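A.B. asks: Below is one structure. I have some questions about it.
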Amino acid sequence: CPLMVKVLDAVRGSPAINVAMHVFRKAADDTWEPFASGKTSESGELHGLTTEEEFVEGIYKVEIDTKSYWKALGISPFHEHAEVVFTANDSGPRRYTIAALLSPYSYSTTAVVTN
Amino acid sequence: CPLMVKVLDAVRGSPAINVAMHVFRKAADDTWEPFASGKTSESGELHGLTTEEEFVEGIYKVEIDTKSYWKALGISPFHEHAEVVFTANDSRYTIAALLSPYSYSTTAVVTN
Amino acid sequence: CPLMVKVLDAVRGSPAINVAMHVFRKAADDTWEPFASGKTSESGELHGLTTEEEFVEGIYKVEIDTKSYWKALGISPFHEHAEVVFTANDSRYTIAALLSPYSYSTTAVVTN
Amino acid sequence: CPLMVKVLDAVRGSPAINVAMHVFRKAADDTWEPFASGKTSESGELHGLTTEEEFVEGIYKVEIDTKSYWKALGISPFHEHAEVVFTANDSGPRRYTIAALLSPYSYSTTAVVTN
Ligand SMILES: CC(C)=CCc1c(O)cc2oc3cc(O)c(O)c(CC=C(C)C)c3c(=O)c2c1O
Ligand SMILES: CC(C)=CCc1c(O)cc2oc3cc(O)c(O)c(CC=C(C)C)c3c(=O)c2c1O
Ligand SMILES: [Br-]
Ligand SMILES: [Br-]
Ligand SMILES: [Br-]
Ligand SMILES: [Br-]
Ligand SMILES: [Br-]
Ligand SMILES: [Br-]
Ligand SMILES: [Br-]
Ligand SMILES: [Br-]
Ligand SMILES: [Br-]
Ligand SMILES: [Br-]
Ligand SMILES: [Br-]
Ligand SMILES: [Br-]
């Protein structure tokens, strides 16, 4: 699994479950092409977005739909979504875990990159 | 000042100086229209982006060029940029960002 | 002002006002000696803790009473307090803390 | 496993490996008694600190030795250690994951509490 995303809720001290996210890849013409999407599980994780063959070098954007998450819980948050934009696989295949920790007016995101 | 941005460096324990950013406003067709831009000062702050009359309700995106900042310090970072996307709602916005090479956080303080 | 503390609330998007804190200095026997204390202002800041002459090199601990802050807002938090423990080194310190009920971050900006 | 700690390095985009930590429990006389200790693995995790029987209600302090970690890498960081202080098990047994994300002048910590 070359790209995985983990999302945590800093208000409840829990995984952020059923969080939707859309991944885009920058095309040759500089537009964002849809690449993969899904929603987090009960553990706050999203696995299986892509495969090593399909996840070629490029610039990727993970848009995590945090507003929808907080609204579904009756909280009115600040951000529309959390956006994570990065070059992937530019020195060969790597495995990426993107983590995001969510509060209504703040988030943090980190990446762990392994070879 | 309706909109201010402050950027800090978590590796050096310092303001993040000369960080470029662009602000965009979402247009009716869902594209991003340039709105304002600038570079942070010696105190890590960028003031004067817009005025109360111009800063109407809408979706805005602040794109902080973190990759250039880390590159000028000779450090390889993860992200291309940091993005802060939000609705401005009439019901002062300070956007803060704390940068590390493989992580960042952002918060908003909305005050009177 | 050699030492300033700023505390923000990540749930409300606001300064964290009336947050109490105590500062301690590590003594030669490894106990913590009271050094300074106060409560954050309307802007989430606590100024005036110490002076340059008193703030000598040493290990200090800032204990931020986050549990009382969340309790007064009617919210159950995780931590008893946030602790920031550091060496002051002569080779201005701003300690920031961003609070959520089950998380916090802290950073130091050390400037001239 | 009722108490686990995960530590990440925000400069390298990696788990924080071989990070030492000491856990204390507040005694009846208000002193901190040593409770458990260990160091993170190659995945940045520390498992097996305690058992459900021994991990009774109380106030616990996890002191993560971040300065030693950064020094061992030739970085001079700001903090002595990261301290996580919390009441545990006060409405019955729970399982706690403490996470910490480390930079030389900043850290974040979060807790996930499950039942
Ligand atoms: C693939 C590997 C060795 C670690 C990747 C990884 C993980 O497998 C679990 C994780 O859980 C976490 C749980 C938390 O409560 C937490 O705060 C983090 C840190 C992420 C932040 C502060 C955005 C992480 C975190 O980054 C994290 C994380 O980076
Ligand atoms: C002395 C100087 C050049 C900056 C010190 C300073 C400050 O004067 C105001 C600040 O407001 C902030 C407002 C925020 O919403 C915010 O998230 C931060 C970042 C600190 C964290 C995430 C613990 C800061 C922050 O670090 C900060 C900060 O470090
Ligand atoms: Br979408
Ligand atoms: Br599931
Ligand atoms: Br949007
Ligand atoms: Br891009
Ligand atoms: Br921030
Ligand atoms: Br602020
Ligand atoms: Br305590
Ligand atoms: Br120790
Ligand atoms: Br191991
Ligand atoms: Br110490
Ligand atoms: Br964390
Ligand atoms: Br977790």
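Note on naming: chains are A, B, ... as they come in the structure tokens, residues start from 1 per chain, ligands start from 1 in the order shown.
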Please identify all residues of chain B having at least one atom at most 7 Å from any atom of chain C, considering only C-alpha atoms, and return them as a PDB file with C-alpha atoms, in the first residue's frame.

C.D. replies:
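In the end it all went to out16.pdb:
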```
ATOM      1  CA  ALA B  10       9.612  24.987  14.085  1.00  0.00           C
ATOM      2  CA  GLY B  13      12.477  28.602  16.559  1.00  0.00           C
ATOM      3  CA  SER B  14      12.038  31.810  14.615  1.00  0.00           C
ATOM      4  CA  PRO B  15       9.542  33.709  12.536  1.00  0.00           C
ATOM      5  CA  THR B 107      -4.954  27.708  12.983  1.00  0.00           C
ATOM      6  CA  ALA B 108      -7.291  30.650  12.644  1.00  0.00           C
ATOM      7  CA  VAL B 109      -7.997  33.216  15.319  1.00  0.00           C
ATOM      8  CA  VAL B 110     -11.128  35.165  14.491  1.00  0.00           C
ATOM      9  CA  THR B 111     -11.556  38.216  16.740  1.00  0.00           C
TER      10      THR B 111
END
```

A.B. asks: With 8 Å as the limit and counting only C-alpha atoms, what residues in chain B lie close to chain A? Please list them as a list in words.

C.D. replies: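 Close enough to count are residues 78, 79, 80, 81, 82, 83, 84, 85, 86, 87, 102, 103, 104, 105, 106, 107, 108 and 109 of chain B.
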
A.B. asks: When the cut-off is 8 Å and you count only C-alpha atoms and all ligand atoms, which residues lie near ligand 4, shown as a list in words?

C.D. replies: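 Selection of residues at most 8 Å from ligand 4: residues 40, 41, 42 and 43 of chain A.
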
A.B. asks: Could you write those residues out with N, CA and C atoms, as a compact mmCIF listing (two decimals), in the first residue's frame?

C.D. replies:
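And here's selection_1.txt as it stands now:
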```txt
# COMPACT_ATOMS: atom_id res chain seq x y z
N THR A 40 -12.42 7.46 5.53
CA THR A 40 -11.75 6.71 6.60
C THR A 40 -12.68 5.69 7.29
N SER A 41 -12.04 4.67 7.80
CA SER A 41 -12.67 3.57 8.48
C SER A 41 -12.85 3.92 9.95
N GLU A 42 -13.28 2.89 10.71
CA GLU A 42 -13.47 3.06 12.15
C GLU A 42 -12.17 3.34 12.90
N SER A 43 -11.03 3.02 12.29
CA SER A 43 -9.74 3.31 12.88
C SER A 43 -9.19 4.63 12.40
```

A.B. asks: Is it possible to see chain D as a short mmCIF file (atom, residue, chain, number, x, y, z; two decimals) with N, CA, C and O atoms, in the first residue's frame, once it has been laid onto chain A by a least-squares fit on every C-alpha atom in order?

C.D. replies:
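For reference, result31.cif as written:
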```
data_model
loop_
_atom_site.label_atom_id
_atom_site.label_comp_id
_atom_site.auth_asym_id
_atom_site.auth_seq_id
_atom_site.Cartn_x
_atom_site.Cartn_y
_atom_site.Cartn_z
N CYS D 1 0.87 -1.23 0.00
CA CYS D 1 0.00 0.00 0.00
C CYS D 1 0.89 1.25 0.00
O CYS D 1 1.51 1.57 1.00
N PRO D 2 0.94 1.96 -1.14
CA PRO D 2 1.95 3.02 -1.24
C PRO D 2 1.47 4.40 -0.73
O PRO D 2 2.26 5.32 -0.65
N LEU D 3 0.18 4.55 -0.48
CA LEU D 3 -0.36 5.86 -0.03
C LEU D 3 -1.47 5.53 0.95
O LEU D 3 -2.47 4.96 0.54
N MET D 4 -1.31 5.95 2.20
CA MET D 4 -2.33 5.70 3.18
C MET D 4 -2.56 7.00 3.93
O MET D 4 -1.63 7.82 4.06
N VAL D 5 -3.77 7.20 4.45
CA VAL D 5 -4.06 8.48 5.15
C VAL D 5 -4.71 8.15 6.47
O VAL D 5 -5.62 7.28 6.50
N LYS D 6 -4.25 8.81 7.53
CA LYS D 6 -4.81 8.53 8.87
C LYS D 6 -5.33 9.85 9.42
O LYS D 6 -4.64 10.86 9.32
N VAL D 7 -6.54 9.87 10.00
CA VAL D 7 -7.09 11.16 10.43
C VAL D 7 -7.55 10.99 11.88
O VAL D 7 -8.23 10.00 12.21
N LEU D 8 -7.19 11.94 12.70
CA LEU D 8 -7.53 11.96 14.14
C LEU D 8 -8.35 13.20 14.52
O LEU D 8 -8.18 14.29 13.99
N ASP D 9 -9.21 13.01 15.51
CA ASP D 9 -10.05 14.10 16.05
C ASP D 9 -9.52 14.55 17.43
O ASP D 9 -9.49 13.73 18.40
N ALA D 10 -9.04 15.81 17.47
CA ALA D 10 -8.39 16.36 18.65
C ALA D 10 -9.44 16.85 19.69
O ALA D 10 -9.03 17.20 20.82
N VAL D 11 -10.74 16.91 19.34
CA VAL D 11 -11.79 17.30 20.29
C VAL D 11 -12.29 16.07 21.04
O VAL D 11 -12.48 16.14 22.26
N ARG D 12 -12.47 14.95 20.33
CA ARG D 12 -12.98 13.75 20.98
C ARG D 12 -11.91 12.78 21.50
O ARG D 12 -12.20 11.87 22.28
N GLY D 13 -10.67 12.92 21.03
CA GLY D 13 -9.59 11.95 21.37
C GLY D 13 -9.90 10.59 20.73
O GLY D 13 -9.86 9.55 21.38
N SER D 14 -10.21 10.61 19.45
CA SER D 14 -10.66 9.44 18.76
C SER D 14 -10.12 9.50 17.32
O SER D 14 -9.78 10.60 16.82
N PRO D 15 -10.08 8.35 16.65
CA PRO D 15 -10.00 8.43 15.18
C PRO D 15 -11.14 9.26 14.62
O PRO D 15 -12.22 9.33 15.21
N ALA D 16 -10.88 9.91 13.49
CA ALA D 16 -11.90 10.70 12.73
C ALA D 16 -12.45 9.72 11.70
O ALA D 16 -11.77 9.34 10.72
N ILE D 17 -13.65 9.20 11.99
CA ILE D 17 -14.27 8.13 11.21
C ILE D 17 -15.16 8.71 10.10
O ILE D 17 -15.76 9.79 10.28
N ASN D 18 -15.18 8.05 8.95
CA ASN D 18 -16.07 8.49 7.84
C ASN D 18 -15.74 9.86 7.28
O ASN D 18 -16.59 10.68 6.87
N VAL D 19 -14.46 10.16 7.33
CA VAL D 19 -13.97 11.40 6.76
C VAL D 19 -13.73 11.11 5.26
O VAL D 19 -12.94 10.25 4.93
N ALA D 20 -14.36 11.88 4.39
CA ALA D 20 -14.16 11.72 2.94
C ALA D 20 -12.90 12.43 2.52
O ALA D 20 -12.55 13.52 3.07
N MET D 21 -12.23 11.89 1.49
CA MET D 21 -11.10 12.62 0.92
C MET D 21 -11.01 12.27 -0.57
O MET D 21 -11.40 11.18 -1.01
N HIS D 22 -10.51 13.26 -1.33
CA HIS D 22 -10.31 13.12 -2.81
C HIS D 22 -8.84 13.38 -3.12
O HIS D 22 -8.27 14.37 -2.65
N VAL D 23 -8.25 12.51 -3.92
CA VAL D 23 -6.83 12.70 -4.27
C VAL D 23 -6.80 13.08 -5.75
O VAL D 23 -7.55 12.46 -6.56
N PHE D 24 -5.99 14.09 -6.08
CA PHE D 24 -5.77 14.57 -7.45
C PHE D 24 -4.31 14.50 -7.82
O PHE D 24 -3.46 14.48 -6.94
N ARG D 25 -4.07 14.37 -9.12
CA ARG D 25 -2.71 14.33 -9.63
C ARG D 25 -2.61 15.42 -10.68
O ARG D 25 -3.52 15.62 -11.48
N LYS D 26 -1.53 16.18 -10.65
CA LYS D 26 -1.39 17.28 -11.60
C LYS D 26 -1.07 16.73 -13.00
O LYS D 26 -0.13 15.93 -13.18
N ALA D 27 -1.89 17.14 -13.98
CA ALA D 27 -1.71 16.66 -15.39
C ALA D 27 -0.71 17.51 -16.13
O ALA D 27 -0.33 18.58 -15.63
N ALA D 28 -0.35 17.08 -17.35
CA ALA D 28 0.64 17.79 -18.15
C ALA D 28 0.23 19.24 -18.42
O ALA D 28 1.09 20.10 -18.58
N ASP D 29 -1.07 19.50 -18.43
CA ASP D 29 -1.56 20.85 -18.71
C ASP D 29 -1.77 21.69 -17.46
O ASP D 29 -2.47 22.70 -17.51
N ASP D 30 -1.21 21.23 -16.33
CA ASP D 30 -1.34 21.89 -15.03
C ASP D 30 -2.70 21.83 -14.34
O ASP D 30 -2.87 22.49 -13.31
N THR D 31 -3.65 21.08 -14.86
CA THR D 31 -4.92 20.91 -14.14
C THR D 31 -4.79 19.73 -13.18
O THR D 31 -3.90 18.86 -13.33
N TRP D 32 -5.69 19.70 -12.21
CA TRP D 32 -5.78 18.60 -11.28
C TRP D 32 -6.71 17.52 -11.77
O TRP D 32 -7.94 17.72 -11.86
N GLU D 33 -6.16 16.38 -12.11
CA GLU D 33 -6.99 15.25 -12.53
C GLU D 33 -7.37 14.42 -11.33
O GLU D 33 -6.54 14.12 -10.46
N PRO D 34 -8.63 13.96 -11.28
CA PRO D 34 -9.03 13.03 -10.24
C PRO D 34 -8.17 11.76 -10.30
O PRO D 34 -7.87 11.24 -11.39
N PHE D 35 -7.68 11.31 -9.15
CA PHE D 35 -6.80 10.17 -9.05
C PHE D 35 -7.38 9.01 -8.19
O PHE D 35 -7.38 7.85 -8.61
N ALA D 36 -7.89 9.32 -6.99
CA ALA D 36 -8.49 8.30 -6.13
C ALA D 36 -9.33 9.03 -5.08
O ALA D 36 -9.22 10.22 -4.88
N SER D 37 -10.23 8.27 -4.43
CA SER D 37 -11.00 8.87 -3.35
C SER D 37 -11.48 7.79 -2.44
O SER D 37 -11.49 6.59 -2.79
N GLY D 38 -11.87 8.19 -1.22
CA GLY D 38 -12.46 7.20 -0.33
C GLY D 38 -12.81 7.86 1.01
O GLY D 38 -12.76 9.09 1.15
N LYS D 39 -13.13 7.05 2.01
CA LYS D 39 -13.45 7.64 3.32
C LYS D 39 -12.78 6.83 4.41
O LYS D 39 -12.56 5.66 4.26
N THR D 40 -12.42 7.46 5.53
CA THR D 40 -11.75 6.71 6.60
C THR D 40 -12.68 5.69 7.29
O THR D 40 -13.91 5.87 7.37
N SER D 41 -12.04 4.67 7.80
CA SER D 41 -12.67 3.57 8.48
C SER D 41 -12.85 3.92 9.95
O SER D 41 -12.58 5.02 10.42
N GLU D 42 -13.28 2.89 10.71
CA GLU D 42 -13.47 3.06 12.15
C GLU D 42 -12.17 3.34 12.90
O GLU D 42 -12.20 3.86 14.02
N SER D 43 -11.03 3.02 12.29
CA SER D 43 -9.74 3.31 12.88
C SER D 43 -9.19 4.63 12.40
O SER D 43 -8.07 5.01 12.74
N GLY D 44 -9.96 5.34 11.57
CA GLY D 44 -9.51 6.62 11.06
C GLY D 44 -8.55 6.48 9.91
O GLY D 44 -7.96 7.49 9.51
N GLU D 45 -8.48 5.29 9.32
CA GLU D 45 -7.50 5.07 8.24
C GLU D 45 -8.19 4.86 6.92
O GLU D 45 -9.34 4.40 6.86
N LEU D 46 -7.50 5.26 5.86
CA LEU D 46 -7.92 4.98 4.47
C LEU D 46 -6.81 4.31 3.75
O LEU D 46 -5.74 4.88 3.58
N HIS D 47 -7.05 3.04 3.44
CA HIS D 47 -6.12 2.17 2.73
C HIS D 47 -6.66 1.89 1.34
O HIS D 47 -7.85 2.09 1.05
N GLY D 48 -5.74 1.45 0.47
CA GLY D 48 -6.13 0.96 -0.86
C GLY D 48 -6.49 2.01 -1.86
O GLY D 48 -7.18 1.75 -2.84
N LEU D 49 -6.08 3.25 -1.62
CA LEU D 49 -6.36 4.30 -2.58
C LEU D 49 -5.80 3.98 -3.98
O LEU D 49 -6.46 4.26 -4.99
N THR D 50 -4.58 3.44 -4.00
CA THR D 50 -3.91 3.22 -5.28
C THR D 50 -2.99 2.01 -5.20
O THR D 50 -3.02 1.23 -4.22
N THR D 51 -2.27 1.76 -6.30
CA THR D 51 -1.36 0.63 -6.40
C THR D 51 0.02 1.16 -6.75
O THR D 51 0.16 2.29 -7.25
N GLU D 52 1.04 0.36 -6.50
CA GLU D 52 2.38 0.82 -6.86
C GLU D 52 2.50 1.12 -8.36
O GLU D 52 3.24 2.04 -8.76
N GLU D 53 1.84 0.33 -9.22
CA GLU D 53 1.93 0.61 -10.67
C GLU D 53 1.29 1.95 -11.06
O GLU D 53 1.83 2.68 -11.87
N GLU D 54 0.12 2.25 -10.52
CA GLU D 54 -0.59 3.42 -10.90
C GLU D 54 -0.05 4.71 -10.25
O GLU D 54 -0.26 5.81 -10.76
N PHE D 55 0.62 4.54 -9.11
CA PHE D 55 1.10 5.70 -8.35
C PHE D 55 2.47 6.16 -8.84
O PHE D 55 3.50 5.89 -8.23
N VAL D 56 2.45 6.75 -10.01
CA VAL D 56 3.71 7.11 -10.67
C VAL D 56 4.21 8.41 -10.08
O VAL D 56 3.55 9.05 -9.22
N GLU D 57 5.38 8.86 -10.55
CA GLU D 57 5.89 10.19 -10.13
C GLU D 57 4.87 11.25 -10.49
O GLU D 57 4.21 11.18 -11.55
N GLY D 58 4.75 12.26 -9.64
CA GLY D 58 3.94 13.39 -10.03
C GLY D 58 3.68 14.26 -8.83
O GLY D 58 4.20 13.99 -7.75
N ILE D 59 2.90 15.32 -9.00
CA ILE D 59 2.44 16.16 -7.88
C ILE D 59 1.02 15.77 -7.52
O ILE D 59 0.13 15.75 -8.39
N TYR D 60 0.82 15.42 -6.25
CA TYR D 60 -0.48 14.87 -5.80
C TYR D 60 -1.07 15.83 -4.80
O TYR D 60 -0.34 16.56 -4.10
N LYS D 61 -2.40 15.92 -4.78
CA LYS D 61 -3.10 16.76 -3.78
C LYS D 61 -4.10 15.83 -3.10
O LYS D 61 -4.97 15.23 -3.75
N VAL D 62 -4.02 15.74 -1.78
CA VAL D 62 -5.03 15.00 -0.97
C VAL D 62 -5.92 16.06 -0.35
O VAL D 62 -5.42 16.88 0.44
N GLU D 63 -7.19 16.11 -0.75
CA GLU D 63 -8.11 17.09 -0.16
C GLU D 63 -8.96 16.35 0.83
O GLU D 63 -9.76 15.44 0.45
N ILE D 64 -8.79 16.67 2.11
CA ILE D 64 -9.53 15.98 3.16
C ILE D 64 -10.73 16.80 3.52
O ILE D 64 -10.60 17.98 3.86
N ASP D 65 -11.92 16.20 3.47
CA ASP D 65 -13.12 17.01 3.59
C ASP D 65 -13.53 17.23 5.06
O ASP D 65 -14.45 16.64 5.59
N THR D 66 -12.76 18.12 5.70
CA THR D 66 -12.94 18.35 7.12
C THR D 66 -14.22 19.10 7.43
O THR D 66 -14.84 18.80 8.48
N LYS D 67 -14.65 20.03 6.56
CA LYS D 67 -15.88 20.78 6.90
C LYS D 67 -17.07 19.81 6.99
O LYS D 67 -17.83 19.87 7.95
N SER D 68 -17.15 18.89 6.04
CA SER D 68 -18.25 17.90 6.01
C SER D 68 -18.21 17.04 7.26
O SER D 68 -19.23 16.71 7.88
N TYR D 69 -17.00 16.68 7.70
CA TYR D 69 -16.85 15.93 8.90
C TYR D 69 -17.40 16.66 10.13
O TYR D 69 -18.15 16.10 10.91
N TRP D 70 -16.98 17.91 10.33
CA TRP D 70 -17.37 18.67 11.50
C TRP D 70 -18.88 19.01 11.42
O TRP D 70 -19.53 18.95 12.46
N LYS D 71 -19.37 19.31 10.22
CA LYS D 71 -20.81 19.71 10.08
C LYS D 71 -21.64 18.49 10.50
O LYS D 71 -22.56 18.61 11.33
N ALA D 72 -21.28 17.31 9.97
CA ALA D 72 -22.03 16.06 10.27
C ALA D 72 -22.12 15.86 11.76
O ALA D 72 -23.01 15.17 12.23
N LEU D 73 -21.23 16.49 12.52
CA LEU D 73 -21.28 16.48 13.97
C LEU D 73 -21.86 17.78 14.58
O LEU D 73 -21.74 18.00 15.78
N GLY D 74 -22.47 18.65 13.76
CA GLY D 74 -23.01 19.94 14.26
C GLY D 74 -21.99 20.97 14.75
O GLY D 74 -22.31 21.87 15.53
N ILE D 75 -20.74 20.84 14.32
CA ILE D 75 -19.77 21.87 14.63
C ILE D 75 -19.57 22.69 13.35
O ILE D 75 -19.48 22.12 12.26
N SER D 76 -19.53 24.02 13.48
CA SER D 76 -19.21 24.89 12.33
C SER D 76 -17.71 25.22 12.35
O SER D 76 -17.28 26.05 13.10
N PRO D 77 -16.92 24.56 11.49
CA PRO D 77 -15.52 24.77 11.56
C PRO D 77 -15.02 25.92 10.64
O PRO D 77 -15.77 26.44 9.82
N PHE D 78 -13.75 26.19 10.73
CA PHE D 78 -13.14 27.28 9.98
C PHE D 78 -12.80 26.88 8.55
O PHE D 78 -13.11 27.62 7.58
N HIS D 79 -12.12 25.74 8.39
CA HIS D 79 -11.62 25.44 7.05
C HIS D 79 -12.64 24.71 6.16
O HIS D 79 -13.48 23.93 6.62
N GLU D 80 -12.51 24.87 4.85
CA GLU D 80 -13.30 24.07 3.90
C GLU D 80 -12.85 22.61 3.87
O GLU D 80 -13.60 21.66 3.90
N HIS D 81 -11.54 22.47 3.80
CA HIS D 81 -10.91 21.17 3.77
C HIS D 81 -9.45 21.37 4.14
O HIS D 81 -8.98 22.50 4.30
N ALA D 82 -8.77 20.27 4.40
CA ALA D 82 -7.34 20.29 4.65
C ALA D 82 -6.74 19.82 3.33
O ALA D 82 -7.27 18.87 2.76
N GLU D 83 -5.68 20.47 2.84
CA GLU D 83 -5.15 20.11 1.53
C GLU D 83 -3.73 19.70 1.78
O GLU D 83 -3.00 20.40 2.53
N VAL D 84 -3.30 18.56 1.24
CA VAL D 84 -1.90 18.12 1.39
C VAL D 84 -1.35 17.96 -0.02
O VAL D 84 -1.80 17.07 -0.75
N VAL D 85 -0.39 18.81 -0.41
CA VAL D 85 0.13 18.79 -1.80
C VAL D 85 1.61 18.46 -1.77
O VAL D 85 2.38 19.13 -1.05
N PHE D 86 2.00 17.46 -2.56
CA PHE D 86 3.38 16.94 -2.48
C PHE D 86 3.79 16.27 -3.76
O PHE D 86 2.97 15.72 -4.47
N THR D 87 5.08 16.33 -4.06
CA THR D 87 5.68 15.49 -5.10
C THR D 87 5.92 14.11 -4.55
O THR D 87 6.45 13.95 -3.44
N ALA D 88 5.47 13.09 -5.28
CA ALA D 88 5.69 11.71 -4.92
C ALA D 88 6.57 10.97 -5.92
O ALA D 88 6.46 11.21 -7.12
N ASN D 89 7.40 10.05 -5.41
CA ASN D 89 8.12 9.04 -6.20
C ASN D 89 9.15 9.65 -7.12
O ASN D 89 9.49 9.03 -8.13
N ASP D 90 9.65 10.82 -6.79
CA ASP D 90 10.59 11.48 -7.69
C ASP D 90 12.03 10.94 -7.58
O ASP D 90 12.85 11.23 -8.45
N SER D 91 12.33 10.16 -6.52
CA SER D 91 13.58 9.36 -6.52
C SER D 91 13.25 7.89 -6.40
O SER D 91 13.88 7.20 -5.61
N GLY D 92 12.27 7.41 -7.17
CA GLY D 92 11.81 6.02 -7.08
C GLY D 92 10.65 5.86 -6.13
O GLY D 92 10.32 6.83 -5.40
N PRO D 93 10.04 4.65 -6.08
CA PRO D 93 8.82 4.36 -5.32
C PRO D 93 9.08 4.54 -3.84
O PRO D 93 10.14 4.10 -3.32
N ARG D 94 8.15 5.23 -3.16
CA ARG D 94 8.23 5.28 -1.71
C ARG D 94 6.85 4.99 -1.23
O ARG D 94 5.90 5.00 -2.02
N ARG D 95 6.75 4.70 0.07
CA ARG D 95 5.46 4.51 0.69
C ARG D 95 5.17 5.74 1.57
O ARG D 95 6.04 6.17 2.32
N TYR D 96 3.96 6.30 1.43
CA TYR D 96 3.61 7.56 2.11
C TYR D 96 2.47 7.29 3.06
O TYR D 96 1.43 6.66 2.65
N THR D 97 2.64 7.71 4.32
CA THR D 97 1.49 7.84 5.27
C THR D 97 1.30 9.31 5.55
O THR D 97 2.23 9.99 6.03
N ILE D 98 0.13 9.81 5.21
CA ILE D 98 -0.27 11.19 5.50
C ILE D 98 -1.16 11.15 6.74
O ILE D 98 -2.14 10.42 6.78
N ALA D 99 -0.78 11.89 7.76
CA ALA D 99 -1.63 12.00 8.94
C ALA D 99 -2.20 13.38 9.08
O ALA D 99 -1.57 14.35 8.63
N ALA D 100 -3.43 13.50 9.59
CA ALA D 100 -3.97 14.81 9.85
C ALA D 100 -4.65 14.80 11.21
O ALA D 100 -5.31 13.79 11.57
N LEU D 101 -4.44 15.84 11.97
CA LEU D 101 -5.08 15.92 13.31
C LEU D 101 -6.01 17.13 13.26
O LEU D 101 -5.56 18.26 13.01
N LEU D 102 -7.32 16.93 13.50
CA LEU D 102 -8.30 17.94 13.24
C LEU D 102 -8.88 18.56 14.51
O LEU D 102 -9.30 17.82 15.46
N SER D 103 -8.93 19.89 14.51
CA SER D 103 -9.77 20.68 15.49
C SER D 103 -10.67 21.63 14.65
O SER D 103 -10.46 21.83 13.45
N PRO D 104 -11.68 22.24 15.27
CA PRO D 104 -12.59 23.03 14.44
C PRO D 104 -11.90 24.25 13.80
O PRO D 104 -12.23 24.58 12.66
N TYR D 105 -10.93 24.86 14.47
CA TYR D 105 -10.25 26.03 13.88
C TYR D 105 -8.77 25.79 13.59
O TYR D 105 -8.01 26.73 13.37
N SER D 106 -8.35 24.52 13.53
CA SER D 106 -6.90 24.21 13.36
C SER D 106 -6.73 22.81 12.89
O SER D 106 -7.53 21.94 13.22
N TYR D 107 -5.73 22.58 12.05
CA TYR D 107 -5.28 21.25 11.82
C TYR D 107 -3.80 21.18 11.61
O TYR D 107 -3.16 22.18 11.23
N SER D 108 -3.27 20.00 11.87
CA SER D 108 -1.90 19.68 11.59
C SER D 108 -1.83 18.52 10.60
O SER D 108 -2.71 17.62 10.61
N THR D 109 -0.80 18.48 9.78
CA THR D 109 -0.63 17.35 8.91
C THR D 109 0.83 17.01 8.85
O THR D 109 1.68 17.92 8.86
N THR D 110 1.13 15.73 8.78
CA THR D 110 2.52 15.28 8.69
C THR D 110 2.58 14.15 7.71
O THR D 110 1.56 13.54 7.33
N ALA D 111 3.78 13.92 7.24
CA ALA D 111 4.00 12.78 6.34
C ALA D 111 5.11 11.92 6.84
O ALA D 111 6.16 12.42 7.26
N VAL D 112 4.91 10.62 6.78
CA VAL D 112 6.00 9.65 7.02
C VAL D 112 6.29 8.96 5.70
O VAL D 112 5.36 8.39 5.10
N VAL D 113 7.54 9.01 5.26
CA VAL D 113 7.93 8.52 3.95
C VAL D 113 8.93 7.42 4.20
O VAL D 113 9.98 7.63 4.83
N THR D 114 8.59 6.24 3.70
CA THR D 114 9.48 5.08 3.89
C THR D 114 9.91 4.47 2.55
O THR D 114 9.20 4.58 1.56
N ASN D 115 11.08 3.80 2.57
CA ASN D 115 11.73 3.10 1.44
C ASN D 115 12.16 1.72 1.95
O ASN D 115 11.36 0.79 1.91
#
```

A.B. asks: Could you state the separation of CA of residue 3 in chain C and atom 18 (C, counted along the ligand's line) of ligand 1 in Å, given to one decimal place?

C.D. replies: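 Between CA of residue 3 in chain C and atom 18 (C, counted along the ligand's line) of ligand 1 the gap is 29.3 Å.
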
A.B. asks: For the structure I just gave you, how does DSSP split chain B - specifically, which residues are strand (DSSP E or B)? Reply as a VMD selection string.

C.D. replies: chain B and resid 3 to 9 14 to 15 20 to 26 32 to 39 45 to 46 58 to 64 79 to 88 93 to 100 103 to 110

A.B. asks: What parts of range 12-103 of chain C does DSSP call helix (DSSP H, G or I)? I'd like the answer as a ChimeraX atom specification.

C.D. replies: /C:66-72

A.B. asks: Restrict the selected residues to N, CA, C and O atoms and save them as a short mmCIF file (atom, residue, chain, number, x, y, z; two decimals), in the first residue's frame.

C.D. replies:
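Here's the written file result-v3.cif:
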```cif
data_model
loop_
_atom_site.label_atom_id
_atom_site.label_comp_id
_atom_site.auth_asym_id
_atom_site.auth_seq_id
_atom_site.Cartn_x
_atom_site.Cartn_y
_atom_site.Cartn_z
N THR C 66 -4.46 23.97 31.68
CA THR C 66 -5.42 23.78 30.61
C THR C 66 -6.69 23.10 31.10
O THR C 66 -7.74 23.36 30.55
N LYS C 67 -6.56 22.25 32.11
CA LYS C 67 -7.76 21.51 32.58
C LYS C 67 -8.79 22.49 33.12
O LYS C 67 -9.97 22.36 32.76
N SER C 68 -8.39 23.44 33.97
CA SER C 68 -9.36 24.47 34.43
C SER C 68 -9.99 25.29 33.32
O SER C 68 -11.17 25.67 33.40
N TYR C 69 -9.23 25.59 32.27
CA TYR C 69 -9.71 26.37 31.17
C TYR C 69 -10.84 25.62 30.47
O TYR C 69 -11.93 26.21 30.20
N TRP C 70 -10.59 24.35 30.16
CA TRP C 70 -11.63 23.57 29.45
C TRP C 70 -12.83 23.33 30.35
O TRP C 70 -13.98 23.45 29.87
N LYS C 71 -12.58 23.10 31.64
CA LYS C 71 -13.67 22.88 32.62
C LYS C 71 -14.55 24.13 32.71
O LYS C 71 -15.77 24.00 32.76
N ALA C 72 -13.98 25.34 32.68
CA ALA C 72 -14.82 26.55 32.81
C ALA C 72 -15.67 26.78 31.56
O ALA C 72 -16.65 27.54 31.60
#
```
